[PDB]
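> The data below comprise the sequence and an experimental structure of the protein.
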Amino acid sequence: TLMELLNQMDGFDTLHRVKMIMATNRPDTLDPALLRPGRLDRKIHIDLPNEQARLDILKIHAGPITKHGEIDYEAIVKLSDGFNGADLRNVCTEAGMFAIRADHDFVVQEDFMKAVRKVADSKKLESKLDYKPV
Amino acid sequence: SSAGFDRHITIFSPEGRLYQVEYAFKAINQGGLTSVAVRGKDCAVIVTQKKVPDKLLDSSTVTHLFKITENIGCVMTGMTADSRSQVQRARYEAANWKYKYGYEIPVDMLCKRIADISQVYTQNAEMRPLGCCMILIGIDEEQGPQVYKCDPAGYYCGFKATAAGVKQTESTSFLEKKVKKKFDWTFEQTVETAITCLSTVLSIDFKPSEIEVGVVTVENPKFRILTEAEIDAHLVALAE
Amino acid sequence: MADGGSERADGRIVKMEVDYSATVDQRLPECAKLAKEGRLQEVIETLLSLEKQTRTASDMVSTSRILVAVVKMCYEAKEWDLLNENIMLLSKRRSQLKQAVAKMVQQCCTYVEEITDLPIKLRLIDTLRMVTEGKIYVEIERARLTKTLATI
Amino acid sequence: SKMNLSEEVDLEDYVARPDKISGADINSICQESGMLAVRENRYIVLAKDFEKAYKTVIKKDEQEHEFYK
Amino acid sequence: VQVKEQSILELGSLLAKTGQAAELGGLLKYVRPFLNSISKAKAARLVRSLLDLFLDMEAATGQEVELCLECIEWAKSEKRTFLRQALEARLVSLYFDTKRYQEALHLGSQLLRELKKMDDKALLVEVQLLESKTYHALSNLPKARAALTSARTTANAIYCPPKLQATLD
Amino acid sequence: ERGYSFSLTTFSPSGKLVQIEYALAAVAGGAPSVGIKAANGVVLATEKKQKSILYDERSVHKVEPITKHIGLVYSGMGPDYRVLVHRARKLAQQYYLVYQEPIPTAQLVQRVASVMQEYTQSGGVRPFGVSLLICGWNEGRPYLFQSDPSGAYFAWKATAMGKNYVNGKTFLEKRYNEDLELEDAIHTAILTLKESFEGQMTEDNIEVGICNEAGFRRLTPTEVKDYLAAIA
Amino acid sequence: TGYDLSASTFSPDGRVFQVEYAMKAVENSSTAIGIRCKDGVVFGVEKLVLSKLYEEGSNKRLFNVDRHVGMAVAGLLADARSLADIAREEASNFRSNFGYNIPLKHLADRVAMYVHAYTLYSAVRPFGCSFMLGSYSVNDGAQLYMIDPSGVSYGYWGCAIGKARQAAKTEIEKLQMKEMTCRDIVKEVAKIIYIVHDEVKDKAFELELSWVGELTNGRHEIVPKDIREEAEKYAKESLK
Ligand SMILES: [Mg+2]
């Protein structure tokens, strides 16, 4: 079933306006014949957010949130080390959870850092997150 | 592959490998830091950022720039335990040099001592190999500035400018295209290049507080640490 | 900013004779820092639409005098270096590059009647260096053609 | 032979780097350089697109521990 | 001391650039006893450079066939294998220039016993090719054919015959 | 430590030494190099490449002198070399202290090989991962010996270690002969050096020392590049 | 598994699951926190009475190394005691050889090296303790250090240890710390350590309080606890 792909990717019949997008987690477990250029042209590398990236995504999820004019995104990023976009999304979720705690419809800044501590604590179970390309 | 206890102790693999030390090199990578060193025409400079996530955490108690002697500066990576334990070794045999031979120790020679000491940590099969890295700089008579890198593997070599930490490949890529193009190196030349390479690899545009800058130059051989005032002076200096 | 640097350049064009020429050229790299802004895709470029014009007034003073071989190669070499000193590739590729070199060939139209053989073909040899790699490049290159035709 | 190829690009200079390249990799090289100059908004190729070429395709080649030797 | 010894290379380069043969032919013999003052490596570079710059230019056999034998016999006095073994292969190529009928044919009995007895993969192709010349020019088709084929199978082990390729072709 | 003392090297059920057998592999995976002894002295040449252009070359050194008439080189892993280097440094010294005369070469191969063999039989330490080559014109006739991880040693007219030591081995068997001179032996040594070397071979791509009856000497990059003419 | 056994074997990724286990092993103990005002340092610890379990005042974790040197232990108890003995012995050596008070930096560094010694062999395991180091001087002022199981050690203006650690340090930074007097900070921490451990988990705990600094004349001593009793009167008004 894979060799059908290998054929009908390059094979005899060429292709036109047919774009192939592939997604994975570890490239190391793939077939080199599939990994050679021509079939799989370019390998785009995605990595964890930098500091500015973390600040940006944080601002992204931070938009539609009933809060106060008190948000220190910078400190949260400072405690923010290696977290997925879904991770920061998790932070925004948990901070709202603490807000539901005590039933304060607004959002205080401290619940942010608390949720950051919780989520960051939760990452004591994820090892081997990197994989060599190819 | 795994055979016997090659995965566990300092022995040979069937392929002739040993997995422990190569486990140790990435053991430096958990430090979450990247260091940079450069040698100039008559000066050499070290620089590396820091992470201060706590307001309760002091500032002066975070430095990795370690004064070994009045004319020897060094910087560390890896784990703070192995680094600090490395420190008293360096200082200790450094003084032993002065006691035995009178004059001052060569920075290359001290690297010889450290690498030789680290040799047994891999050599014996009943001792942890101290997974940290070592960086040295210093002025030499009839030789100018010098920079060296000691490794947990137990070898060293001279350079002209080198970085370490987590971004070895990137910083080396930047420096290779940066230096080999017939670069004349002044003081602020080497410095400005030092800040620029790091600020490009990390894309920071840092405040003058986070990073640290060691320096030695042949006008005052005393190893000198930079103050954030002058550091900011150079920061705005490259800030056109 | 576009409007601010515009009203500033309005007062700075007076300093062609009021202030020294190369001092005005030292007044250039500040506006070149405005090009270092790259604030908006068209707002930050109108600046370079302006200071290239003031640059062409410096041309209308130094090239109107014997300062021709010195006026040109000092300029196209810093547009060449503009891809490294400012944001690379003229910081937006166009609208401050397009009408930049297009006003350059407007100049060359103004000097082809004036600038004699040696300085006219040093100007031409300056812009043909742009003919190699970097010129108008949208759908014309006819500022390239319009002057390379005049080269014969 | 197909692309414009400005004459300031020395082909053999990259030829000396052995690098264990497959034939299809070359086509990927000229592709990467070409789309590179295009990304520069340029219809002519220079050597920098080839430096970036091996810095893209030939990249992922170096991992070594010096103390092995 | 050294600036003069490099100056023999300089002035010889002048004799080779301005385009004259006898003026350099005297310069070679002028520095023969002067050779006995420096290393055998720099002597190697000197003799190779001067001899090649002297040979590659002019078709004036009044001095080449003599001075080449000079450097060959001096190679006898110095006891270097590769020096004489290369200057011989140059020498036979000099012999072909006058259509020498037998000494151009003794390159095999004098040199092929050493070449194939050694490991060489670069010079044997050249000697086999030149020997393919000596018999076709001297009216012998089949022998030149077999020798040419031997050079063919020998040419299957050189990673860079950039000019010797077309030379064979 | 604690004093375990138990050797980690035992005989195979077949009757083989797995650890030594593996260490020989890593020795074979080392940098190539060769040496020759021809009628006047010995020449030693290595395969020294800098993995980057940022390295220094006048810092690290491979052809290493022990006494004024005794040179040594190696093939294996760099770090373990220096230890035994220093050991031989002292060991040659105590002989001179005892007898007041330069130690003969064969004595060094005796004592060093003893240290290495005993170190192999000892407990809790892997054997070394480098083979060695030694040369010295003791009493006119120079000498050229080879060690190994098993502590053994031989007397070679000329040989080579590193990668493709069998291919360059045969090349030495053919191009080599009974007698030569120093310069010619250098020529053939660089011949086999280019036999497996990289493309560009400069003064820094290799490094060479020699023994003479006037004593041991190292070669500088000046005369190295100067000899680079007439390549191979 | 298959690699976490020894203290001399690197994981295939580059760490030591021994120290990994031991750290969180200390994490499971109760909370002990410390702070320092402008002219002193204050220690606070929460202890747990199980049902009756002892004559109250027993086995206090607020140790005392020197007349001016205070401890704050947490995690395992006995190994903490051994550590306190090591420190007292050490400072005794320093006083013996050099004849004056040991600087907190040198003391913490020496103890840190000694901790590091037990992380390089299979013969011994790491420790299961952590603690604080409080000191005050007229020539130095207030200095507070921290030591992990691994061997890292440095200063803070405040720090926390125990289960309730991150949540604890949250409101800790809420306070001003520069201008505060340690006497105010006493009643201050009482609110901290009385807004932590509750019901449906443990039981009636205990609040011990060490206190050193200027008012203590450099001498370390416990707070007068029953005396002035404002921790409780001040550590209760948080009912709402
Ligand atoms: Mg196919």
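Nice, I can see it. Numbers count the residues shown, from 1 in each chain, chains lettered A, B, ... in the order given.
> switch to C-alpha atoms for all contacts and neighbour counts from now on
Fine.
> And for the residue of chain E found nearest chain C, the neighbour number?
Chain C sits closest to residue E:162 of chain E, with a gap of 32.5 Å, by C-alpha to the nearest C-alpha. Using other C-alpha atoms under 10 Å in any protein chain shown, residue E:162 has 9 other residues around it.
> And residue E:139, by the same measure?
11.
> Check the one 10 residues further on too.
The criterion is other C-alpha under 10 Å. On that basis, residue E:149 has 15 neighbouring residues.
> What residue in chain C comes nearest to chain B?
Residue of chain C nearest chain B, by C-alpha to the nearest C-alpha: residue C:33 (8.4 Å).
> for that residue, what are its contacts?
residue C:86 (C-alpha atoms under 8 Å, 6 or more residues apart in numbering or on different chains).
> which bits of chain C sit near chain D?
Proximity of chain C to chain D, by C-alpha under 8 Å from any C-alpha of the partner chain, involves residues C:89, C:133-134, C:137.
> Top of the residues you listed by number of neighbours, please.
In the residues of chain C next to chain D, the most neighbours by other C-alpha under 10 Å go to residue C:134, 20 neighbours.
> The nearest residue to that residue once chain neighbours are set aside in helix, strand or coil?
Computed as C-alpha to C-alpha, 6 or more residues apart in numbering or on different chains, the closest residue to residue C:134 that is not its neighbour in sequence is residue D:42, at 7.5 Å. Assigned with DSSP: H, G, I helix; E, B strand; the rest coil, residue D:42 falls in the coil class.
> where's residue D:42 relative to residue B:113, distance?
56 Å (C-alpha to C-alpha, to the nearest Å).
> Next, give phi and psi for the residue nearest to residue C:134.
Residue D:42 adopts backbone torsions of phi -140, psi 140, taken as degrees, to the nearest 10.
> now residue D:63
Dihedral angles of residue D:63 (phi, psi; degrees, to the nearest 10) stand at phi -150, psi 120.
> rewinding a little: could you dump the residues of chain C next to chain D into CSV with secondary structure added?
Shown next, in CSV, are the residues of chain C next to chain D (three-state DSSP):
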residue, secondary structure
C:89, helix
C:133, coil
C:134, coil
C:137, coil
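> nearest to chain G, of the residues you listed?
residue C:89 (43.4 Å).
> how close does that closest one get to residue D:55?
From residue C:89 to residue D:55 the distance is 21 Å (C-alpha to C-alpha).
> Contacts for stretch B:197-211, please.
B:36, B:47-52, B:167, B:170-171, B:174-175, B:228-229, B:231-232, B:235.
> Count the residues that sit near residue 44.
Just so you know, I chose chain A. Using other C-alpha under 10 Å, residue A:44 has 8 neighbouring residues.
> hm, I was asking about chain D
For residue D:44, using other C-alpha under 10 Å, the count is 16.
> Kindly report the same for residue G:228.
Neighbour tally, residue G:228, other C-alpha under 10 Å: 11.
> still on that earlier bit, may I see the residues of chain C next to chain D organised as CSV, with distance to residue B:19 added?
As requested, the residues of chain C next to chain D are exported to CSV (distance: C-alpha to C-alpha, whole Å):
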residue, distance to residue B:19
C:89, 48
C:133, 52
C:134, 53
C:137, 56
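> Can you report phi and psi for residue E:88?
The phi/psi pair for residue E:88 (degrees, to the nearest 10) reads phi -70, psi -50.
> For it, which residues are in contact?
residue E:72.
> Next up, identify which helix or strand residue 92 is on.
Because you didn't say which chain, this covers chain A. Assigned by DSSP states H and E, residue A:92 belongs to helix A:85-100.
> not quite, I wanted chain G
According to DSSP H and E, residue G:92 maps onto helix G:78-98.
> Could you name the helices and strands sitting against the longest helix seen in chain D?
The longest helix of chain D (DSSP state H) is helix D:23-39. Contacts defined by 3 or more C-alpha pairs under 8 Å, 6 or more residues apart in numbering or on different chains; DSSP states H and E place helix D:23-39 against helix D:48-53.
> Who are the packing partners of the helix it packs on?
In terms of contacts (3+ C-alpha pairs under 8 Å, 6+ apart), helix D:48-53 is packed against helix D:23-39.
> Now do the helix it packs on: everything it contacts.
A:36-38, A:41, D:43-46, D:49-50, D:52-54, D:56-57.
> Any quick ChimeraX command for the buried ones out of the residues you listed?
Buried subset of these, written as a ChimeraX selection, criterion 16 or more other C-alpha atoms under 10 Å in any protein chain shown:
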select /A:36,37 /D:43,44,45,46,49,50,52,53,54,56,57
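> Now do the helices in chain C.
Using DSSP H, helices in chain C cover C:2-12, C:15-18, C:21-26, C:28-37, C:43-62, C:69-80, C:82-85, C:98-112, C:117-132, C:142-148.
> closest to residue F:89 out of these?
Nearest to residue F:89 among these is helix C:82-85 (55.8 Å), distances taken as C-alpha to C-alpha.
> How far does the closest one sit from its chain's centre?
From the chain centre to the centre of helix C:82-85 is a distance of 14 Å (C-alpha atoms, centre = their mean, to the nearest Å).
> Report the separation between residue F:77 and residue F:28.
Note on residue F:77: its distance to residue F:28, by C-alpha to C-alpha, is 10 Å.
> can you check residue B:81 too?
Where residue F:28 is concerned, residue B:81 sits at a distance of 37 Å (C-alpha to C-alpha).
> One more: residue B:100?
Distance from residue B:100 to residue F:28, by C-alpha to C-alpha: 41 Å.
> out of these two, which sits in the busier spot?
residue F:28 (21 against 8).
> List the residues that contact the residue nearest the centre of chain D.
By C-alpha atoms, centre = their mean, chain D has its centre lying nearest to residue D:53, at 2.9 Å. Shown in contact with residue D:53 (C-alpha under 8 Å, 6+ apart): D:29-30, D:32-33.
> Please settle this for me: is the residue of chain E closest to chain C part of a strand?
No - with three-state DSSP as the criterion, residue E:162 is coil rather than part of a strand.
> Which stretches in chain F count as strands?
For chain F, the strands defined by DSSP state E cover F:33-37, F:42-46, F:64-67, F:70-76, F:130-136, F:143-146, F:154-155, F:158-161, F:208-212, F:215-218.
> Mind putting the ones you listed into CSV with mean neighbour count?
Output for those, formatted as CSV (neighbours: other C-alpha atoms under 10 Å in any protein chain shown):
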stretch, mean neighbour count
strand F:33-37, 28
strand F:42-46, 28
strand F:64-67, 18
strand F:70-76, 27
strand F:130-136, 26
strand F:143-146, 24
strand F:154-155, 14
strand F:158-161, 26
strand F:208-212, 26
strand F:215-218, 18
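> could I get these as TSV with distance to residue F:112?
What follows is those, written out as TSV (distance: least, C-alpha to C-alpha, whole Å):
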stretch	distance to residue F:112
strand F:33-37	19
strand F:42-46	19
strand F:64-67	13
strand F:70-76	12
strand F:130-136	10
strand F:143-146	11
strand F:154-155	13
strand F:158-161	19
strand F:208-212	20
strand F:215-218	19
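> Adding distance to chain A, write those strands out as JSON lines.
Formatted as JSON lines, those follow (distance: least, C-alpha to the nearest C-alpha, whole Å):
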{"stretch": "strand F:33-37", "distance to chain A": "34"}
{"stretch": "strand F:42-46", "distance to chain A": "34"}
{"stretch": "strand F:64-67", "distance to chain A": "40"}
{"stretch": "strand F:70-76", "distance to chain A": "28"}
{"stretch": "strand F:130-136", "distance to chain A": "31"}
{"stretch": "strand F:143-146", "distance to chain A": "41"}
{"stretch": "strand F:154-155", "distance to chain A": "45"}
{"stretch": "strand F:158-161", "distance to chain A": "34"}
{"stretch": "strand F:208-212", "distance to chain A": "40"}
{"stretch": "strand F:215-218", "distance to chain A": "44"}
